[PDB]
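Report on one structure; see the data block that follows.
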Amino acid sequence: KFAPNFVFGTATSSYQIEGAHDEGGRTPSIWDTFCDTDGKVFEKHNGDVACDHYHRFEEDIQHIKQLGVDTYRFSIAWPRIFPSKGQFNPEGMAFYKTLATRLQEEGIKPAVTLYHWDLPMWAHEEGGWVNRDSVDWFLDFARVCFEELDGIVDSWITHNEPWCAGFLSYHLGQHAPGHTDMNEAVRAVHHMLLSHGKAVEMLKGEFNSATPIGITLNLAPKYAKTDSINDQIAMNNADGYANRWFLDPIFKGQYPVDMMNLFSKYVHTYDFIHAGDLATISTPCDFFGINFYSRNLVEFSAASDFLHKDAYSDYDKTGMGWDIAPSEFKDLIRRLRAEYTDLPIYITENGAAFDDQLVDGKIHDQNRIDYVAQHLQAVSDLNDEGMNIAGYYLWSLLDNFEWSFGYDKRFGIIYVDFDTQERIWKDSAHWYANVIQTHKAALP
Amino acid sequence: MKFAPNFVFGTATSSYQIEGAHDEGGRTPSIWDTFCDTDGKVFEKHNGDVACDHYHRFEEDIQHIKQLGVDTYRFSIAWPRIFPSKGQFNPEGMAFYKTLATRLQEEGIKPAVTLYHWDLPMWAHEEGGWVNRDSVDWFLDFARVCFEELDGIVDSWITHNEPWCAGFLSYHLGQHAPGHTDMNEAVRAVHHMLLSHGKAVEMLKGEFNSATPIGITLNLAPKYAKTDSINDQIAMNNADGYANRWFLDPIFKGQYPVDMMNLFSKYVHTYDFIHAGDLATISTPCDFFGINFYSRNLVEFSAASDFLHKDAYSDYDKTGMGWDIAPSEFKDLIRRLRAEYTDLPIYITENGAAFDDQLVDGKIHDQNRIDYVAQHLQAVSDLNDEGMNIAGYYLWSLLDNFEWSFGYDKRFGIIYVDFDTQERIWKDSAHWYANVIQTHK
Amino acid sequence: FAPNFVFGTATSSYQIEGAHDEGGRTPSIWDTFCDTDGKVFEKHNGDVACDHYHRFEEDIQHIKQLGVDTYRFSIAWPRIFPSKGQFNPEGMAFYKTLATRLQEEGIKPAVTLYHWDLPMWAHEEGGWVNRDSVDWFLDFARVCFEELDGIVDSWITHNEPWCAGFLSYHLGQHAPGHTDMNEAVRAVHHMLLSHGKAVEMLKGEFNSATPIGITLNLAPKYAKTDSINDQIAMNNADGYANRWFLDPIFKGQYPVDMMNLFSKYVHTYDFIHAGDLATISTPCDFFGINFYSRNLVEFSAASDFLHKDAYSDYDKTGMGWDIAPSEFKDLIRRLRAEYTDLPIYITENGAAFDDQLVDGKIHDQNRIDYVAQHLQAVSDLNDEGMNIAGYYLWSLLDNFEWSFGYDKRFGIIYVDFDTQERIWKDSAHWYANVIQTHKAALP
Amino acid sequence: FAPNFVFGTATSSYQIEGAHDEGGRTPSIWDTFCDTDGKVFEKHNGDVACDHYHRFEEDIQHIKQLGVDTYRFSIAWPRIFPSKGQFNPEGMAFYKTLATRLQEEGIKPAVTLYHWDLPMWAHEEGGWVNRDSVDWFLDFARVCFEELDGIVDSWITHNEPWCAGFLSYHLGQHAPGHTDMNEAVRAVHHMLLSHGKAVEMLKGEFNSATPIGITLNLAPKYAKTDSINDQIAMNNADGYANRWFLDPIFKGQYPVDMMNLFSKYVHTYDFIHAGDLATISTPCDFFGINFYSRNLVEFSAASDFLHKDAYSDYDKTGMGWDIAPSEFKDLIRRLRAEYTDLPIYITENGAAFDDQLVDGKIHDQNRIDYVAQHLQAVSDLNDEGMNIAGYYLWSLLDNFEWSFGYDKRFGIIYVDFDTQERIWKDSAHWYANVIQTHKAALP
């Protein structure tokens with residue numbers, strides 16, 4: 001059961017679906033160059049064509065309208081809007097203005113993500129997010145988006161998963177630009193978080209707008225394999241690296257000193273945190289976005305710099321090898337209310353990848369239906385406790401370019417044949433439409 | 001400047017600093033005897049062989065204490081007198097302390113007894129010392145014997161004096177005995193001392209069924225950031241964790257501070273020496289909290305330092321040690337402990353200062369020391385008006401004594417000691433302190 | 001190839017023997033490691049394996065049919081000492097029978113003492129981390145020298161201390177799966193010391209002139225770019241994999257650059273006693289090399305040891321390992337230049353590919369190609385005077401491939417693990433013919 | 001001593017000149033460092049110093065009366081370039097006049113370009129941490145070469161880059177007093193790179209044969225015990241103090257064992273550009289050594305570089321430094337064996353002792369003894385063919401001794417800093433006689 005004001009939704013990002021990579025004045029992003037770099041992405045796959053959504057946006061709007069979702073979440077491609085530094089590209093902005101206007105016409109609330117990892121190559125070449133100037137480049141991008149789209153757009157999300165864009169990209173080398181440097185990584189994270197707060201301030205101050213704005217963090221709760229002191233330190237450090245490094249500056253206006261000390265094996269000055277920065281980072285928002293996928297069971301490692309490694313999990317697992325963990329999702333939400341925030345929470349991404357077999361114009365993904373149903377049940381149980389999860393966005397609308405895995409993994413509720421660009425609904429899409437329908441059918 | 005009727009004025013010493021008679025009464029060498037004889041470790045090879053010769057002249061020193069009018073006299077028991085070999089109780093050594101405590105009761109003086117004031121027997125050291133977990137049990141054999149023989153006579157017990165000094169200053173920084181430089185040894189040493197504290201409180205309250213007040217003494221130095229920069233805040237935090245929170249958190253919160261555990265992980269790569277049930281024992285409820293206070297430290301950030309901090313320049317008035325005179329920062333510290341840590345009654349188990357004392361025509365005009373003590377007693381009074389419940393103040397020290405690695409080069413006493421003749425001469429501060437006590441009464 | 005050149009094939013005890021609880025055998029670290037969750041592919045073990053304990057006579061005929069000069073096998077420690085100080089004469093009798101039979105069939109037995117099957121009783125006392133493991137191993141080695149030195153042709157003390165040490169105690173991939181750099185360097189030191197003591201014992205106590213040596217796996221390391229950063233990266237990968245083992249064995253010292261790099265985890269080297277390094281570096285008769293691939297590496301600021309794997313565009317095996325015969329030639333040249341002038345034996349070389357059985361035959365041309373390129377390299381190097389005296393083809397049988405289990409097939413003879421049927425792959429016929437051709441060249 | 005042996009004495013500009021804000025001079029890092037609280041002994045500074053800028057003629061007569069062959073002094077950078085790009089001819093004229101007057105009095109001017117007085121303007125742009133410092137220093141060196149090469153007898157580019165680099169940017173004891181290992185290695189690299197560029201400029205552009213070289217302070221390091229730990233400690237102390245500077249200068253490379261140890265703080269070496277090390281290792285005419293003492297070291301698990309000072313039972317100077325003439329001999333033999341065959345000059349040797357002025361005389365028999373033992377060692381080494389071509393006694397005058405201020409007296413001539421009176425110590429008379437005795441020996 002869900003409340004009458006509960007928002008069902010689905011979501012995508014620009015580089016994962018759009019394609020048309022050198023069309024409409026678009027110039028290359030870090031992910032274009034990363035896909036072309038040897039050994040970084042699965043079988044050299046890229047987002048040149050992707051789901052061809054830039055051309056086929058109208059067909060996909062109908063699919064969204066057919067699902068009956070209250071809200072559609074999408075991201076704006078920075079390299080379409082500012083293909084060069086200081087050079088606005090109005091053709092790029094028109095596409096999004098048309099996309100948002102068409103969604104509104106169809107009774108669909110547009111929820112817009114400003115940054116979903118597609119940094120322009122001109123920005124990267126000046127240091128990217130490692131450079132403090134990146135705060136001001138992003139503000140020019142945001143200003144132009146607010147000025148042209150704030151009358152149409154229903155909600156703004158400044159940043160999607162700064163852990164991925166920051167740590168996974170600059171420390172672990174898995175995402176673009178694929179660096180392995182903790183110093184660059186903490187500087188990148190700080191400038192993303194600061195750009196978040198400057199953008200919120202700009203919307204509410206300069207533009208005098210009451211459009212709901214917030215951030216989205218990916219959160220993965222961390223559990224100790226045993227109750228030994230070592231394994232408690234492992235959990236703590238994993239929690240701090242994945243969660244508290246981002247939650248503390250956003251809601252407390254401080255970085256966790258335990259992680260600062262732990263990172264001091266690589267980071268030997270924090271003078272990049274200027275005075276006034278953490279107050280701006282912690283500027284009050286209208287909601288809090290959460291991307292949730294799984295937990296991580298950890299144990300202690302004497303040979304790890306950050307004192308933790310992954311432990312063996314006996315849980316049921318997705319196609320990615322990630323734990324299916326709705327009980328731990330409930331722990332996470334409870335903790336955020338206890339420790340961090342009383343803001344309305346939106347689950348801005350939840351979903352799963354399974355080995356989907358297309359067989360005779362049909363995809364039987366009972367496993368994806370299970371996953372989503374367990375989490376929606378966990379959302380309903382939490383709302384009965386008073387945890388205030390106002391909405392939920394199913395990731396993803398269609399099968400799309402899944403980053404370093406390429407098209408090898410399929411997260412979509414709608415199947416996509418990538419050589420014909422045919423959309424075929426999966427059983428989970430039918431099920432999800434009917435969940436929204438059955439919900440809507442009983443409400444006033 | 002006024003103190004409640006139940007307020008306790010006192011003075012204090014430790015065994016190795018004053019007793020002398022190092023090879024007499026069955027006493028075998030401690031870590032400090034061998035440290036003093038190890039080259040480059042102590043000022044001009046000075047040692048505690050003779051010291052104040054207090055072991056022979058205890059009666060004379062009781063008269064001085066009696067004349068001062070102090071409610072309480074704090075002294076330490078020498079472990080190597082009581083257990084000169086492992087498992088070998090020496091009853092002659094115990095007899096001295098029984099006599100000492102009995103005589104103090106006769107002269108109307110409350111005896112406050114420190115079990116461990118750094119004088120670890122050499123036999124313990126040779127088996128690994130405090131780095132070894134058996135050190136918990138060796139200390140418990142020592143403490144059991146002391147409780148059995150003296151609990152009826154002694155007014156209050158102090159398990160450990162300054163585990164930071166015995167642990168970090170001794171096993172990490174290498175300044176005190178046994179002078180090691182190993183962070184892993186150091187955190188094992190600290191842990192076993194703290195665990196031996198908790199086991200002894202448990203022992204006295206449970207085995208002996210005694211209600212005699214027991215607690216610990218920690219030396220606490222509040223830490224201040226030179227500037228408001230993030231770097232300097234990290235420096236303050238890490239200095240405060242290293243000096244203070246590493247000891248406060250296990251005692252009162254039953255946990256170690258994880259920010260310091262992570263910082264120490266540059267050297268310490270497993271915390272499995274912390275067994276399950278240890279931190280609950282370490283944090284066993286005490287009857288009072290003991291604080292040794294001397295100064296603050298102003299710190300700034302250092303990128304080249306493993307713990308991210310160095311000392312910054314201080315413009316404050318300084319003692320003969322070069323330590324800041326810091327009564328305001330003492331007030332910050334007490335307020336913080338009430339706000340974050342404990343509501344137990346606090347005893348300032350050591351406070352004092354070293355200055356360049358000159359004997360002139362049979363007198364020592366140590367007005368600088370008087371000033372120092374006075375500024376802190378004023379702080380104690382002002383803090384008690386706020387409800388901070390500092391129930392006692394012990395002036396360090398009774399006699400000029402052996403000042404550890406500085407030797408006899410530094411004089412902390414309120415009674416001057418000519419170490420050639422062993423003559424006791426009252427400094428101006430002793431007469432002043434005796435009169436402060438009278439005034440209170 | 002020269003007339004004295006030895007062709008061989010090789011196995012290890014836990015990988016093929018099976019009969020895990022039979023003949024008085026007690027568990028090893030690998031038995032337990034297989035039965036720990038998440039450590040081995042689909043929980044596979046060496047309980048049954050190739051059933052070679054029972055079927056050894058059949059396999060002796062296969063070896064004989066191959067025409068190999070030498071067969072290399074390992075002795076299972078837990079069969080010889082199933083409990084501490086408790087000698088098992090049944091366990092020894094098997095290996096005595098095996099070696100005598102091979103001698104009767106005209107085959108040289110080359111014997112590996114330690115191939116990773118540490119008894120559980122030794123692990124429960126600390127294992128290789130404990131200095132007493134040197135003495136435990138000597139008791140094991142003494143018994144093997146006493147009962148077999150007359151029968152055996154050559155002795156190999158240790159197989160791949162990098163694997164048994166660093167992969168096992170630092171990286172956690174092999175048994176017992178620990179992740180502690182301090183345990184790892186002690187483990188390695190005691191393995192290398194036990195080697196040195198065992199060589200001293202054979203030549204001193206027993207007065208024997210039987211050829212003895214050690215086997216190190218070696219993987220040459222290459223910098224992605226010519227920058228200073230990537231030179232450090234290569235230096236450190238090389239030190240971690242190769243120099244940490246080569247320097248003590250041949251120079252009687254550890255490389256200080258690695259000691260300094262390891263000092264982020266290791267804060268005392270007092271486990272290296274006086275006399276140990278002179279014992280570790282005791283003169284051997286040959287040097288053994290297990291070779292498989294190179295590694296292309298680059299610099300990483302976020303890595304404690306300053307290197308990570310760089311993208312390789314080389315042809316790869318079924319394992320993803322680079323097929324790297326040119327780099328094999330670089331390595332051998334380096335060893336003659338820097339380290340040793342002893343006769344080299346390639347004690348393991350081979351590859352794994354996706355082998356299918358079709359119509360009673362395995363068409364492993366990929367494996368033939370691999371082996372051919374390396375045998376060519378050996379022949380080229382021996383023309384330069386590099387003195388590679390022999391080559392063993394890993395492996396005789398498809399076997400238990402450690403953390404990969406039975407998912408990976410390295411054998412020249414296919415094994416159906418359900419039936420225990422031996423089927424010759426194309427590579428076995430080919431290799432037998434390579435040997436035949438070499439023999440036909442000899443006068 | 002041999003017929004071509006050079007006896008000398010030495011000073012540096014900030015230590016003796018004073019006149020800090022006169023002649024167009026702007027502040028150096030040391031002026032600002034002296035005004036920074038807690039850095040220098042009782043806030044002492046080089047404002048007046050020995051007032052040698054005004055009293056240079058008197059001090060020349062003292063040098064003349066000493067009978068030294070050579071006088072080594074340094075040029076104050078802020079007198080020559082008080083602002084970036086602005087040449088100051090009044091400042092240059094002073095050093096031209098000084099050098100000319102020394103030539104007229106039969107004295108060889110040996111000139112040090114950099115003796116730690118970096119102009120403040122250079123500091124405010126990052127200083128030695130900035131790669132531009134190489135070019136700033138080259139503009140300064142060019143101007144000195146253009147105006148003084150005819151007059152000057154020998155050039156020293158840099159004095160003690162260990163102090164100006166590691167003691168200044170890592171340990172925080174000298175100006176600008178930073179504690180950052182990353183800044184420290186960049187500083188050292190740029191100093192060494194500026195050395196090599198300056199040597200190239202003198203021999204290439206100016207086409208000059210004037211002898212040029214670097215001066216390194218060298219402290220040989222010794223293990224307390226024979227244990228492995230203590231060998232690592234000695235190795236690391238030697239690398240930090242000596243090999244880090246010797247290897248680039250003579251081998252064109254940095255020692256990788258130290259790069260690995262410094263990687264706890266230094267996470268990229270891209271500041272070392274291609275070509276730099278070949279420029280740094282450009283061939284010089286002589287090698288300069290500042291020698292003072294040894295250091296006995298032992299292992300420390302709590303230390304990042306694995307070493308701490310060990311107790312020494314040697315006779316000590318007033319600084320607490322070991323009097324170590326035997327160890328000096330070890331150093332010189334090591335340099336010939338491992339590094340260079342250039343003629344060596346001891347560009348600084350000397351000692352501080354608690355000098356008391358008594359009845360217009362200073363009885364510094366302790367300083368006499370020290371210098372005698374080292375001059376004996378020099379003579380003994382030259383009998384072995386070690387080719388020490390000269391000795392400069394540090395110092396001519398009691399002077400501003402850096403972070404110790406005027407609390408420590410290294411001079412052979414006493415200076416009453418309250419009155420600026422020069423008074424010859426017994427060592428000065430003695431030293432003059434030693435030179436006299438040596439001259440009387442030559443035909």
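Ordered as shown in the structure tokens, chains take letters A, B, and onward, while each chain numbers its residues from 1 and ligands are numbered from 1 in the order shown.
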
Exercise for the section: Pick out each residue of segment 225-354 of chain B that DSSP on the backbone tags as strand (DSSP E or B); I need them as a ChimeraX atom specification. Expected result: /B:225,289-292,297-301,309-311,318,324,346-351

Do you have, as a tab-separated table, the list of residues of chain A lying at most 8 Å from chain B, each with its nearest atom pair and that distance in Å to one decimal, counting only C-alpha atoms and ordered by chain then number?
residue	atom	partner	partner_atom	distance
A:228	CA	B:276	CA	7.3
A:229	CA	B:271	CA	6.6
A:230	CA	B:271	CA	5.8
A:233	CA	B:258	CA	7.3
A:257	CA	B:259	CA	6.1
A:258	CA	B:259	CA	3.5
A:259	CA	B:259	CA	7.1
A:261	CA	B:263	CA	5.1
A:262	CA	B:262	CA	5.1
A:264	CA	B:263	CA	7.8
A:265	CA	B:266	CA	7.4
A:268	CA	B:303	CA	5.1
A:269	CA	B:303	CA	6.3
A:270	CA	B:231	CA	5.8
A:271	CA	B:231	CA	6.4
A:273	CA	B:230	CA	7.0
A:274	CA	B:230	CA	7.9
A:275	CA	B:229	CA	7.4
A:302	CA	B:269	CA	5.1
A:303	CA	B:269	CA	7.8

Quick one: which chain C residues come within 8 Å of chain D, and what is the nearest atom pair for each with the distance in Å to one decimal, counting only C-alpha atoms, rows ordered by chain and ascending number, as CSV?
residue,atom,partner,partner_atom,distance
C:227,CA,D:270,CA,7.8
C:228,CA,D:269,CA,6.6
C:229,CA,D:269,CA,6.0
C:232,CA,D:256,CA,7.4
C:256,CA,D:257,CA,6.2
C:257,CA,D:257,CA,3.7
C:258,CA,D:257,CA,7.2
C:260,CA,D:261,CA,5.2
C:261,CA,D:260,CA,5.3
C:263,CA,D:261,CA,7.9
C:264,CA,D:264,CA,7.6
C:267,CA,D:301,CA,5.1
C:268,CA,D:301,CA,6.5
C:269,CA,D:229,CA,5.7
C:270,CA,D:229,CA,6.4
C:272,CA,D:228,CA,7.0
C:273,CA,D:228,CA,7.8
C:274,CA,D:227,CA,7.5
C:301,CA,D:267,CA,5.3

Output file for the residues above (N, CA, C and O atoms, as a CSV table (one decimal), in the first residue's frame):
chain,number,residue,atom,x,y,z
C,227,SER,N,58.4,6.9,-19.0
C,227,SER,CA,58.5,7.9,-17.9
C,227,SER,C,59.1,7.4,-16.6
C,227,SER,O,59.1,6.1,-16.4
C,228,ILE,N,59.5,8.3,-15.8
C,228,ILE,CA,60.2,7.9,-14.5
C,228,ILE,C,59.2,7.1,-13.6
C,228,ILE,O,59.6,6.1,-13.0
C,229,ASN,N,58.0,7.6,-13.5
C,229,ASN,CA,56.9,6.9,-12.8
C,229,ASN,C,56.7,5.4,-13.2
C,229,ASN,O,56.7,4.6,-12.3
C,232,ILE,N,59.7,3.2,-12.0
C,232,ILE,CA,59.5,2.8,-10.6
C,232,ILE,C,58.5,1.7,-10.5
C,232,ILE,O,58.8,0.7,-9.9
C,256,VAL,N,67.0,-4.0,-0.8
C,256,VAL,CA,66.6,-2.9,0.2
C,256,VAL,C,65.5,-2.0,-0.3
C,256,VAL,O,64.7,-1.6,0.5
C,257,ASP,N,65.5,-1.8,-1.6
C,257,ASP,CA,64.4,-1.0,-2.2
C,257,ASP,C,63.0,-1.6,-1.9
C,257,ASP,O,62.1,-0.8,-1.6
C,258,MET,N,62.9,-2.9,-2.0
C,258,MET,CA,61.7,-3.6,-1.6
C,258,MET,C,61.4,-3.6,-0.1
C,258,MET,O,60.3,-3.5,0.4
C,260,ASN,N,62.3,-1.3,1.9
C,260,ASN,CA,61.8,0.1,2.1
C,260,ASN,C,60.3,0.3,1.7
C,260,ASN,O,59.6,0.9,2.4
C,261,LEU,N,60.0,-0.2,0.5
C,261,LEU,CA,58.6,-0.2,0.1
C,261,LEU,C,57.7,-1.1,1.0
C,261,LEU,O,56.6,-0.7,1.3
C,263,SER,N,58.1,-1.5,4.1
C,263,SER,CA,58.0,-0.9,5.4
C,263,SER,C,56.8,0.0,5.7
C,263,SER,O,56.7,0.5,6.8
C,264,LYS,N,55.9,0.1,4.8
C,264,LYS,CA,54.5,0.6,5.0
C,264,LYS,C,53.6,-0.4,5.8
C,264,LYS,O,52.7,-0.1,6.4
C,267,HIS,N,57.5,-3.5,9.9
C,267,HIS,CA,58.3,-2.5,10.8
C,267,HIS,C,59.4,-3.1,11.6
C,267,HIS,O,59.9,-2.5,12.5
C,268,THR,N,59.8,-4.4,11.2
C,268,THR,CA,61.0,-5.0,11.8
C,268,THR,C,61.4,-6.2,10.9
C,268,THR,O,60.5,-6.9,10.4
C,269,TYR,N,62.7,-6.3,10.6
C,269,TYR,CA,63.3,-7.4,9.9
C,269,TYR,C,64.2,-8.3,10.8
C,269,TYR,O,65.1,-8.8,10.3
C,270,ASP,N,63.8,-8.3,12.1
C,270,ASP,CA,64.5,-9.2,13.0
C,270,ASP,C,64.3,-10.7,12.9
C,270,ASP,O,65.0,-11.5,13.5
C,272,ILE,N,64.8,-12.1,10.1
C,272,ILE,CA,66.1,-12.5,9.4
C,272,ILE,C,67.2,-12.5,10.4
C,272,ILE,O,67.8,-11.5,10.7
C,273,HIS,N,67.5,-13.7,10.9
C,273,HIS,CA,68.6,-13.9,11.8
C,273,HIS,C,70.0,-13.9,11.1
C,273,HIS,O,70.1,-13.9,9.9
C,274,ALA,N,71.0,-13.8,11.9
C,274,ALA,CA,72.4,-13.9,11.4
C,274,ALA,C,72.7,-15.3,11.0
C,274,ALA,O,72.4,-16.3,11.7
C,301,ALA,N,49.5,6.1,-8.3
C,301,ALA,CA,49.6,6.9,-7.1
C,301,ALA,C,48.9,6.4,-5.9
C,301,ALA,O,49.3,6.6,-4.8

Can you write out as a Markdown table which residues of chain D fall within 12 Å of chain B, alongside each residue's closest atom pair and its distance in Å to one decimal, counting only C-alpha atoms and ordering rows by chain and ascending residue number?
| residue | atom | partner | partner_atom | distance |
| --- | --- | --- | --- | --- |
| D:36 | CA | B:313 | CA | 9.3 |
| D:37 | CA | B:313 | CA | 6.3 |
| D:38 | CA | B:313 | CA | 5.5 |
| D:39 | CA | B:313 | CA | 8.5 |
| D:40 | CA | B:313 | CA | 11.4 |
| D:166 | CA | B:304 | CA | 11.1 |
| D:167 | CA | B:304 | CA | 12.0 |
| D:169 | CA | B:304 | CA | 9.4 |
| D:170 | CA | B:304 | CA | 6.5 |
| D:171 | CA | B:304 | CA | 7.8 |
| D:172 | CA | B:304 | CA | 9.5 |
| D:177 | CA | B:302 | CA | 11.0 |
| D:178 | CA | B:302 | CA | 8.4 |
| D:179 | CA | B:304 | CA | 5.1 |
| D:180 | CA | B:304 | CA | 4.7 |
| D:181 | CA | B:304 | CA | 5.8 |
| D:182 | CA | B:304 | CA | 8.6 |
| D:183 | CA | B:304 | CA | 9.9 |
| D:184 | CA | B:304 | CA | 9.8 |
| D:262 | CA | B:304 | CA | 10.5 |
| D:263 | CA | B:304 | CA | 11.9 |
| D:264 | CA | B:306 | CA | 9.4 |
| D:265 | CA | B:304 | CA | 7.3 |
| D:266 | CA | B:304 | CA | 10.2 |
| D:298 | CA | B:181 | CA | 10.8 |
| D:299 | CA | B:181 | CA | 9.0 |
| D:300 | CA | B:181 | CA | 5.8 |
| D:301 | CA | B:182 | CA | 5.0 |
| D:302 | CA | B:182 | CA | 4.6 |
| D:303 | CA | B:181 | CA | 7.8 |
| D:304 | CA | B:306 | CA | 7.6 |
| D:305 | CA | B:306 | CA | 11.0 |
| D:306 | CA | B:181 | CA | 10.3 |
| D:307 | CA | B:181 | CA | 10.0 |
| D:308 | CA | B:181 | CA | 9.0 |
| D:309 | CA | B:40 | CA | 10.7 |
| D:310 | CA | B:40 | CA | 8.9 |
| D:311 | CA | B:40 | CA | 6.0 |
| D:312 | CA | B:40 | CA | 8.2 |
| D:313 | CA | B:39 | CA | 8.3 |
| D:314 | CA | B:39 | CA | 11.9 |
| D:320 | CA | B:40 | CA | 11.4 |

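You will find atom CA of residue 13 of chain B at 13.7 Å from atom CA of residue 417 of chain B.
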
Exercise for the section: Extract, using only C-alpha atoms, all DNA, RNA and protein residues at most 10 Å from residue 76 of chain C, discarding same-chain residues fewer than 5 positions from it, and format them as a ChimeraX atom specification. Expected result: /C:12-14,17,25,28,81-82,91-92,95,112-119

Output as CSV one row per residue of chain A within 6 Å of chain C: the closest atom pair and its distance in Å to one decimal place, counting only C-alpha atoms, sorted by chain and residue number ascending.
residue,atom,partner,partner_atom,distance
A:39,CA,C:311,CA,5.5
A:180,CA,C:302,CA,5.4
A:181,CA,C:302,CA,4.8
A:182,CA,C:302,CA,5.8
A:301,CA,C:179,CA,5.9
A:302,CA,C:180,CA,5.2
A:303,CA,C:180,CA,5.0
A:312,CA,C:38,CA,5.8

Practice task
Tell me which of D:431, D:328, D:287, D:53 sits closest to residue 7 of chain D, counting only C-alpha atoms.
Solution key: D:431

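Here atom CA of residue 52 of chain A and atom CA of residue 16 of chain A stand 9.7 Å from one another.
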
When you look at residue 132 of chain C with a cut-off of 9 Å (counting only C-alpha atoms), what residues show up, excluding the ones that are within fewer than 6 positions of it in the same chain? I need them as a compact mmCIF listing (two decimals) with N, CA and C atoms, in the first residue's frame.
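File selection.txt, as written:
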# COMPACT_ATOMS: atom_id res chain seq x y z
N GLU C 125 49.99 -24.39 14.28
CA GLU C 125 51.11 -23.80 15.04
C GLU C 125 51.69 -22.51 14.42
N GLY C 126 51.00 -21.92 13.45
CA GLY C 126 51.46 -20.71 12.76
C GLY C 126 51.83 -20.91 11.30
N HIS C 190 61.25 -18.21 5.75
CA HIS C 190 61.35 -19.54 6.34
C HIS C 190 61.32 -20.65 5.29

Handout entry: Selection near residue 54 of chain D, 12 Å with only C-alpha atoms, sequence-local residues under 6 positions removed, as number ranges by chain
Key = D: 16-20, 22-23, 48, 60, 94, 98, 420
